Each structure stands twice: as C-alpha cells, then as structure tokens.
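**Q** Pasting in a structure now, in structure tokens, and then I'll have a few things to ask.
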C-alpha cells in the first residue's frame, strides 16, 4: 500500500483521496481555510505527465493531523481538478523554490 512515500512517509494513496476531497470540497464550496485560500489552481510547467485535466489545484495532504487548518503543511501536496480525481502527489521543498515534482 502507500504508493506516495515522500520525505520517508509511505502515505496511503487511498488516504490521499480523502484529503484530496478536503482541499476540493473547499474550492467548490467557495469558502476558504486559514485565511489565504489554500486550495488554488495549479498551471503546471516543470514537466509532469498527469492525465486528469488542465485546471489543476493544490492542497496539502496529511496522514496524522487533519485538514490543513492551524499549522503549516507545505512539501507534500496532492493535486486534483474538480472531481477529487488525482493529478499526482507533488512536493514543495525537494526542488529550488520548493517547486512541485512527482514524489520520487
């Protein structure tokens, strides 16, 4: 199981989906979290090979705390579009300017 082990953290790809509907439910609800709109749309440029849609989105995924709301996730950050599908787990720290990149 856990196919997204980043920073030495075998995250469950099935658990990432739940957190995937976390930043999504908010993006579609129009509401927001913390106070800076965490769930936003990612344009992508590095060089991925996702196969979902164009209008991606970013939101932090956790496996112990809970929905991002009172702390600082950063680094891991599964992407998505508007159906809680899954663009891929990208990291925001393993690349200059914590750019995003498939967890490898």
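In the deposited numbering, the protein residues as written are 1 to 104.
A virtual CB, placed ideally from N, CA and C, is assigned to each residue, including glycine.
Give the DSSP-derived three-state secondary structure of residue 27 in the structure shown.
**A** helix
**Q** With DSSP collapsed to three states, give me the class of residue 97.
**A** helix
**Q** Where residue 100 and residue 29 are concerned, what is the direct C-alpha to C-alpha distance, given to the nearest angstrom?
**A** 25 Å
**Q** Which residue marks the beginning of the beta strand (DSSP E) containing residue 80, and which one marks its end?
**A** 77 to 80
**Q** Would you kindly report the start and end of the unbroken beta strand (DSSP E) that includes residue 11?
**A** 9 to 11
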